[PDB]
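# Chain and residue survey
Each chain, letter by letter, is given below.
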Amino acid sequence: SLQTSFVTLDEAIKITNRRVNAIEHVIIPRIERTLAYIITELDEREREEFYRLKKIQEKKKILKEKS
Amino acid sequence: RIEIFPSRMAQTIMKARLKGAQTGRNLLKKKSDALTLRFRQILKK
Amino acid sequence: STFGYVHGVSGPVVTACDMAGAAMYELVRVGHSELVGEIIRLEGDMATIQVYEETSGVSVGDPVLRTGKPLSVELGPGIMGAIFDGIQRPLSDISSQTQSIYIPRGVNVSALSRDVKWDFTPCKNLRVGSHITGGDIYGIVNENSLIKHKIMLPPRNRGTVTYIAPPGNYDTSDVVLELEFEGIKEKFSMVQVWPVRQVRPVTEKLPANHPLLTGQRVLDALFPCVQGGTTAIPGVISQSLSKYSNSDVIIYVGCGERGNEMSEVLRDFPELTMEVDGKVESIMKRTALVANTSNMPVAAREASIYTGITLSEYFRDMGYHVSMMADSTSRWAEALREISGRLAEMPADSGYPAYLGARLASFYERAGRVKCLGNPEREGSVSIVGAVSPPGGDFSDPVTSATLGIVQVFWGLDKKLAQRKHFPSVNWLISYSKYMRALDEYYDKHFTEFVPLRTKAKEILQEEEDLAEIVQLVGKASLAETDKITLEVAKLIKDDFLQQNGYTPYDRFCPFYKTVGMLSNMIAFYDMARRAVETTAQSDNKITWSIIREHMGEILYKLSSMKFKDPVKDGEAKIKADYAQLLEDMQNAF
Amino acid sequence: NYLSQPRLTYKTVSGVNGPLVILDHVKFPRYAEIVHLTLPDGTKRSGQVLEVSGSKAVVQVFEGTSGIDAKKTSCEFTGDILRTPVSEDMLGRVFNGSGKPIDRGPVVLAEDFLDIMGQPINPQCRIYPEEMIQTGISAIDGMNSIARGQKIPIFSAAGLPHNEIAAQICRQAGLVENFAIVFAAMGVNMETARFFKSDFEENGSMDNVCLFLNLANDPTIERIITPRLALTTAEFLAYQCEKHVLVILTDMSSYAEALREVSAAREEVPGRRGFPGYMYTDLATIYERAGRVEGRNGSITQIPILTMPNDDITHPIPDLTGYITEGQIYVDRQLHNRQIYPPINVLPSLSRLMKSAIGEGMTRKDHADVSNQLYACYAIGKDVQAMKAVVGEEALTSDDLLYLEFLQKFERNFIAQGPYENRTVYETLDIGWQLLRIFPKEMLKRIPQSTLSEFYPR
Amino acid sequence: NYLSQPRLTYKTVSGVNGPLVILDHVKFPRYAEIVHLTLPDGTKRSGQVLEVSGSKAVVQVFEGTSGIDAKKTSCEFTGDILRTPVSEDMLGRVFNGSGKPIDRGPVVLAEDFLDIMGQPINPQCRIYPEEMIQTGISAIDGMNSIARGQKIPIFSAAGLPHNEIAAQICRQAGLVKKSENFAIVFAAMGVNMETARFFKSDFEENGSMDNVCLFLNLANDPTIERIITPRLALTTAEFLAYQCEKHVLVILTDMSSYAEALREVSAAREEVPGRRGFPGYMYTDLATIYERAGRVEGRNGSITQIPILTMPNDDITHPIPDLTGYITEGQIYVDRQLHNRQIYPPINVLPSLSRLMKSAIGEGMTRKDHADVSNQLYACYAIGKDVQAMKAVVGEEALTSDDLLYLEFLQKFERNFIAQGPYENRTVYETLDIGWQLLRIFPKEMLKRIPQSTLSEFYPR
């Protein structure tokens, strides 16, 4: 009774130990370097909006100076 | 390896996917400790 | 100096020279066709004008005559059952006058018809020589069998009555009242002209205490709304507010609506009748629509919101309870982004203007239960339900994030419940209501059973949610027995209590005694089954839910069939809840 | 009526940058006024006034500013706005993006000149579409059914067969009456041009196809007036000589790219991703010319195709078209890589006018419930398909194996039909019932027992 | 230092765009002058001067620009900056954002006039906070106690009862009985009609109004008045504290709604927005109102701040809870997990922290066991939260007898210690007695954070 419980536990604790490490090595680092890509790509849109809005303000002083 | 497009909404989605994966470790690691503790005490028996 | 001259036009904005004594937000009439415009910027002699109509073919040098008054609406009889656009031109009268299918964009049709005669009566407690101030109910005109349109004095002026009209039939242009002030005897008709950007004066603001019975079961129980409150949904559905929604008049502002979806609103509303006193009366006698499609020009989207709330505050002052449904404030918000880009203003986050949260605050905070002006001493209320971006930018979006800092109730419709066709798709985790402290005075008086049930029903719905993430990881096999009694009753809540069919003839409107009735049985079932497992544990042979779920299969059918009682009972529906309760008391005695 | 004054002709151009020509000393210039540019070579180009201020007028030319001089270029001002010559000979004729013939035909011989901006339809006298258009595609007919007079886009990408499924629903127009097809092709390739031109003449449909198009070698400012020239003829046929028009607008992203190019040249304040802030107003003024009216019996149906960039539905073009139009059709790339035809992902697709188009009188009875359940099992079966890869194959239910068998049956029998199958709607629902019978009872929660009792024992 | 010259009245407006009115031919305009706009129909509006350039003076009108003519309006230049009329008689008075009374009351007689911007404090003369402020909430007083001069925000979200615990810790605040000169300045910013009526019906009608200086600012009244509102509230809280020598607790809510008012006037000056639309000078502008706290050397009064703010989309990376994290001294968290569990106040104490709670508590200050009962209640709640998930995934029978005891601790910790009801004012001694009742259910030799010098007395009872 202890023999057949021992032999089916380690073959069911190997499949749990793989499911932990597949999260730790394959799933969690993939989400985290996805999340790093979201941050830098959103910062690159903010510089594009900063360059467009500053260029409008530079052109708005040009028309104001002549007029 | 990246998955989807950055929108200011995907960041909250990817943080929700990360949150389930962070709690997918500790909820499943402690199962792997509960199994191993009985696996070590059966071997002593 | 009376007139102006077009200096330039680029789309909706028109620069007009020779406009020296012009004030901001006045109405002008630009062009030979006299397009209605509004002054939005003035620099010295030239003024910048946004036009509510299409400026295709306007030339330089066209006359711009000013009117000396801001954008305003006409308030009087002939307004219920009507359909307007953003600047209050009647779409029903403008198609009979022109006999075409087009709006000729030069047609100054009056908002209220000056040909229909209305049977006027006086207050009766008002003689000649009586003193009268603003907001006093002066006469009563019955437009329909339902609405008594109380004629009121405008809140600006004051005087002494010298002439009052006898009870008869009058037009909207006939003089009905003469008032003597210190200087001049002033005339008065049955219509008043009030600016839409100006908040209407009133005596004193009141706390809201009575709830607005929506008819939906999740909306009336978990996240209740009051009459005089502010609500935001991420949105026609809505006929629950049309047939009941216990308020005297309803208005509906369609801002940025689609063309074949605005057409479905104004097609079924004349033929969607309700019950009042056993009579089958149509809701159009107490409904008035402000229809503004996305084809219409961009400046009319801003005016359509302020048109509605001005009509809603107008029927507030008569003592009625107004329920205003403003549809899409993401469109209204988009007009603001479009116009601010045309005036070269600087944007806030995501391109929206910096005053986005201030424009929404000046509209949502015009709603509330409030004691009206005038001597007859009546009380009115305005409820506002506004729609926002439905699936996206969940709580970080400039329209939604600015709205949630203002509104008190937020019924968050989930897309994931809608993908699984769980209707209504209001999810209970991110939704909230803030009128829960204000309604416990009403709930300790009329339905005293309710408050300990709603406190526990929200606990079971999250106890399933905190346990739903457990089953999808490790499985249901190692679950406890005080936990499996949550997963069955909460699933019984999500299918019986929360699910509701809007086209089914008994679940299209669920009264509050039916809501408290079936909720008091689904939690007494939860409390008795909790009682069985806990005190009788580990010594007595008590069922670990496996023999209960098959033995209650007739009784669990009675709980799941409890959403079927109707309008063809109230007495029978009340005693059946007590019938099913005493059925469960015998089962727990085992 | 007729304007008889002689046209003024200015040699006074004072700036040329991009598409725009800037004039001065113009005497009382109108807005949106058409200008005819005469080059120093003698070639004639058209124009449209975009902005006036005093004596200055900003005009965008339709054929580009290549070779426009400052001293020698003369432009005459036509005293009215752009009006398209419309007639019943344009059916079966090929023009370009400016209304000039391509098929070696003559100029148009109008019965009237109509404004390209149209007249605004009164919302009170506009009747609501209830007649269902069959397209022959079970992904479109069964799940996202199209009413007669509904605006409904096709959301695609670069490299997906949107043009192939557009021509399929163009030749199979259902109504269980000789749809007059107006076809505007903006920013298409020459292979996309020869695909639509040969397909319409293969079926003999070009007796009544009014196709006029705009390639990529053609200038981009013609793409601004190409939908407005398309709908001002399609509403001459729907609302004035009562045909049942079906309009297909492709590519609606290439129209918005030309709109951004003009707004960048005018130094405007841009909206999201450089597009102008008035792109919501410009797209709505060419989408809301649909539906039908109460005095006429003709109708106009719009299917505007647009390829969203980088498979992003949150891009400014497929987001703003989602607010104006009445439900979208989503062409998926993942189904296209699996060699599945009508790769139509039905899970983000929608048709908001499908409720009044189905029922008892129009289709057969069980339509409202089989499509409500085919969506429901597909939504959960796609969710358990993502869990098959992560945790386990045999994991956490035996009922998920029925959900993963529904996915193989839905994507291969229901939606994948080939480019010439014209399925009727009764074939579509009966195919969908064959995929529902692999599910047992008391999981079909969206189907009531009044309609479940007939079709499950079949 | 009286100014005696008469005021000039200009009828020379030249441009109107947005909230801004541009004036010409002004004689020596000062930068932050208050002006008075007289409309053609006689209505009066105020306004600051936004920018002055030689002869031009660009003013922004408070109440809006609608109806302002170009020919007939008349601006009235007051030569001075905005000054706050301060007194001790502003204690039990309800004021609106700008300055004006709201409870039908009189204008304050004002024994001094003080500038709203103030002047920055000397770091050399600012002494370190030592004593404790009693709030009456066990989640705050027992676990994350605040000092006399500490600044500590409450991080919340929309819909959570952060306004109901703002009115609570104003209604039952005190310094500790210790067996004395306490006031409260409440700045309500960007509130609704119902949140504004809730605040007046609370304090007033609860009896707290002998020491409350409550300042309303609704969503109708102008957005420029949201900027001058906490500058007003901290000016009166610098006159009561170390000019009248009393301990003042300042509550600022909502501090997230302050920054959209800061964002709005920034774009009115045609300034280019920084990160996420918020301006670049927001860390300086939040520093001008957060750092008006602490206690000083030769004065017995003090001032402490609780700036209550809501994070958008529950994101701490947002600049509103991030720039206040660099400058304040610990956070209190209102979570949606405990709020949906019907626990009031919904304060979780694992991510919450008070950086100056070591100084606040002590032997002379509350009593000697405070440093150890809070360290033990934090430890058993953290361990008890871990075993609470093993009941779900492993089994109710597999967990041992000691892990079952942590289960029974957490069920009584969240219902008896944290959950207290909106009217129960537990003192700091009643807080530790409830905390010792939840530690007595554990046996000895598990309470490892408490030394035996204090465990010998308080455990047997």
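## Some remarks on the interface of chain B and chain E
Each partner contributes to the interface: chain B provides 7 residues, whereas chain E provides 7 residues. At the boundary of chain B with chain E, total buried surface from both sides reaches about 570 Å², with 64% on carbon and sulfur atoms. Contact with chain E buries area across many residues of chain B, yet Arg8(B), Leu27(B) and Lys30(B) alone supply 62% of it, more than any other trio. Here chain B and chain E share 0 salt bridges between them. Our count for the contact surface shared by chain B and chain E stands at 0 residue pairs in polar contact. Broken down by class, the residue content of the side of chain B that touches chain E amounts to 2 nonpolar, 3 polar and 2 charged.

## Considerations on the packing of aromatic side chains
Applying the stated criterion to the full structure yields 42 aromatic pairs over all chains. Between the aromatic rings of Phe6(A) and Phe39(B), the centroid separation amounts to 4.7 Å while the plane-to-plane angle is 20°, which identifies the pairing as stacked. With one member in each of two chains, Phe6(A) in helix α1 (residues 3–66) and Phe39(B) in helix α1 (residues 10–44) form a pair that bridges those chains. By relative accessible area, which is 16% here, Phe39(B) ends up buried. With centroids separated by 5.4 Å and ring planes inclined at 55°, the aromatic side chains of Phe409(E) and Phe442(E) adopt a geometry described as tilted.

## Points about the pattern of salt bridges
Tallied over the full model, the rule gives 69 salt bridges over all chains. A salt bridge links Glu334(C) to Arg331(C); the nearest nitrogen and oxygen atoms lie 3.7 Å apart. Within this pair, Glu334(C) and its partner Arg331(C) are both found in helix α7 (residues 329–342), separated by 3 residues, close to a single helical turn. Judged by relative accessible area, which is 6%, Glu334(C) ranks as buried. Linked by salt bridges that have partners in common, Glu130(D), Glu131(D), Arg148(D), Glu177(D) and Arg292(D) make up one network.

## Topic: the domain arrangement of chain C
According to the domain assignment, chain C consists of domain 1 (1–71), domain 2 (72–115 + 189–433), domain 3 (116–188) and domain 4 (434–590). Using C-alpha coordinates to define each centre, domain 1 of chain C is positioned 36 Å away from domain 3 of chain C.

## Some thoughts on a nonpolar patch on the surface
Residues and elements named next belong to chain C. Nonpolar side chains collect at one region of the surface, where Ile575, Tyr579, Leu582, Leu583 and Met586 lie side by side and expose about 470 Å² of accessible area between them. Residue placement: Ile575 occurs in helix α17 (residues 572–587). The partly exposed category is assigned to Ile575, whose relative accessible area is 43%.

## Examining helix α10 (residues 400–414) of chain D
Residue and element names in this part refer to chain D. Along its 15 residues, α10 runs 20 Å from first to last C-alpha, staying within 8% of the 21 Å computed at 1.5 Å per residue. Among the residues of α10, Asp400, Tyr403, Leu404, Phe406, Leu407, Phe410, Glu411 and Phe414 are the ones counted as buried. The buried residues of α10 occupy one face: seen down the axis, they fall within an arc of 145°. Along its buried surface, α10 packs onto α1 (138–141), α8 (333–337), α9 (367–390) and α11 (425–436).

## What about the sheet that holds strand β16 (residues 185–188) of chain C?
Residues and elements named next belong to chain C. A sheet is described by the order of its strands in space; here 4 strands give the open sequence β10-β13-β15-β16, paired in antiparallel fashion. If you trace the sheet from one side to the other, it starts and ends with β10 (131–132) and β16, each paired once. Pairing of strand β15 (residues 177–180) with β16, which is carried by 4 bridges, proceeds in the antiparallel orientation. Bridge assignment links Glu180 to a residue of β16, and that residue is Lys185.

## What to know about the environment of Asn297(D)
All names here are of chain D. Relative to the assigned elements, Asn297 resides in the loop between β18 (292–293) and β19 (299–307). Since its relative accessible area comes to 53%, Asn297 is described here as exposed. Once the C-alpha coordinates of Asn297 and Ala386 are considered, the two residues, 89 residues apart in sequence, prove to be 49 Å apart. Apart from residues lying up to four places away in sequence, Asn297 is in contact with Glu242 and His244.

## Brief notes about the UniProt feature "binding site: ATP" in chain E
Residue and element names in this part refer to chain E. Mapped onto this structure's residue numbering, the UniProt feature "binding site: ATP" falls at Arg355. With respect to the secondary-structure elements, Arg355 resides in the loop between β19 (347–354) and α9 (357–360). The contacts of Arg355, once residues within four sequence positions are left out, are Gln150, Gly325, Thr328, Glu329, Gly330 and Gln331.

## Focus: the interface of chain C and chain D
Contacts between the two partners involve 48 residues from chain C and, on the opposite side, 55 residues from chain D. For the pairing of chain C and chain D, the buried interface totals around 4,800 Å² over both sides, and the portion due to carbon and sulfur atoms is 55%. For chain C, the biggest contributors to the area lost against chain D are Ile101(C), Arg258(C) and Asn260(C); these three give 15% of the whole. Linking chain C with chain D are 1 salt bridge, by the criterion used here. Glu261(C) is the salt-bridge partner of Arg352(D), the closest N and O atoms lying 3.8 Å from each other. Applying the counting criterion to the chain C and chain D interface returns 20 residue pairs in polar contact. Those elements giving two or more residues to the side of chain C that touches chain D turn out to be β1 (5–10), α1 (93–98), β22 (249–257), α4 (259–262), α5 (265–268) and α7 of chain C. Considering every element that reaches the side of chain C that touches chain D, the biggest residue donor is α7(C), with 6 residues. Here the side of chain C that touches chain D is composed, by residue class, of 13 nonpolar, 22 polar and 13 charged. Across 2 bridges, the pairing between β1(C) and strand β5 (residues 44–53) of chain D is antiparallel.

The rules behind these values
- Residues numbered from 1 in each chain as written, not as in the entry; some residues may be left out.
- Chains lettered and ligands numbered in written order.
- Part of a larger assembly, values for the part shown.
- Heavy atoms only, no water.
- Contact = heavy atoms within 4.5 Å.
- Buried area = accessible area lost by both parts, 1.4 Å probe.
- Salt bridge = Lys/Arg side-chain N within 4 Å of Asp/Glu carboxyl O.
- Polar contact = N/O pair within 3.5 Å; in protein donor to acceptor, adjacent residues only side chain to side chain.
- Nonpolar A, V, L, I, M, F, W, Y, C, P; charged D, E, K, R; others polar.
- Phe/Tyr/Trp six-rings, centres within 6.5 Å; stacked < 30°, edge-to-face > 60°.
- Helix = DSSP H or I, 4+ residues; strand = E, 2+ residues; numbered from the N terminus.
- Buried < 20%, exposed > 50% of the residue type's maximum accessible area, 1.4 Å probe, protein only.
- Domains from an automatic or database assignment.
- Patch = residues over 30% accessible without salt bridge, like charges linked within 9 Å, V, L, I, M, F, W, Y side chains within 5 Å.
- Areas by Shrake-Rupley, 256 points an atom, 1.4 Å probe, with all protein chains shown as cover.
- Expected span 1.5 Å × (residues − 1).
- Arc of directions from axis to C-beta.
- Pairing = 2+ DSSP bridges.
- UniProt positions renumbered as here; feature names shortened; annotations may be inferred.

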